[PDB]
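Structure record follows, encoded as structure tokens.
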């Protein structure tokens with residue numbers, strides 16, 4: 050397949066904001082890597098196809114081999130764009 054659009058970079062360092070229905074608050078796990086974005090649904094490595102984006106939240110990789118260690122399918126800073134992270138040490 051060769052379907053492209055303005056998504057986030059393959060390797061977008063995020064967390065998955067999810068919790069079993071206990072009436073208790075949603076819990077993050079990470080660092081997950083978004084390969085493709087879709088309207089209100091993100092195609093992430095380790096996922097069946099898509100997670101509804103309310104159960105995902107962007108993270109700060111810090112740098113180096115954090116965001117970098119991902120499948121370089123469309124790793125190119127021109128078709129795929131991200132935005133300013135939180136900046137958290």
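Residue numbers (my numbering): 50 to 138.
Every residue, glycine too, gets a C-beta built ideally from N, C-alpha and C.
What does a CB cutoff of less than 7 Å around residue i pick up in its chain, not counting 5 residues either side in sequence?
| i | result |
| --- | --- |
| residue 91 | 83, 99, 100, 102, 105 |
| residue 85 | 56, 92 |
In its own chain, which residues sit with a C-beta less than 8 Å from the C-beta of residue i, not counting the 5 before and 5 after it?
| i | result |
| --- | --- |
| residue 115 | 62, 80 |
Could you say which of the options lies nearest to residue i if we only look at CA atoms?
| i | options | result |
| --- | --- | --- |
| residue 129 | 87, 96, 111, 109 | 87 |
| residue 125 | 112, 58, 51, 54 | 58 |
| residue 93 | 74, 71, 119, 127 | 119 |
| residue 53 | 137, 123, 138 | 123 |
| residue 65 | 73, 56, 95 | 95 |
Less than 8 Å between the C-beta atoms of residue i and residue j, yes or no?
| i | j | result |
| --- | --- | --- |
| residue 109 | residue 135 | yes |
Kindly indicate which three-state DSSP category residue i falls into: helix, strand or coil?
| i | result |
| --- | --- |
| residue 102 | helix |
| residue 137 | coil |
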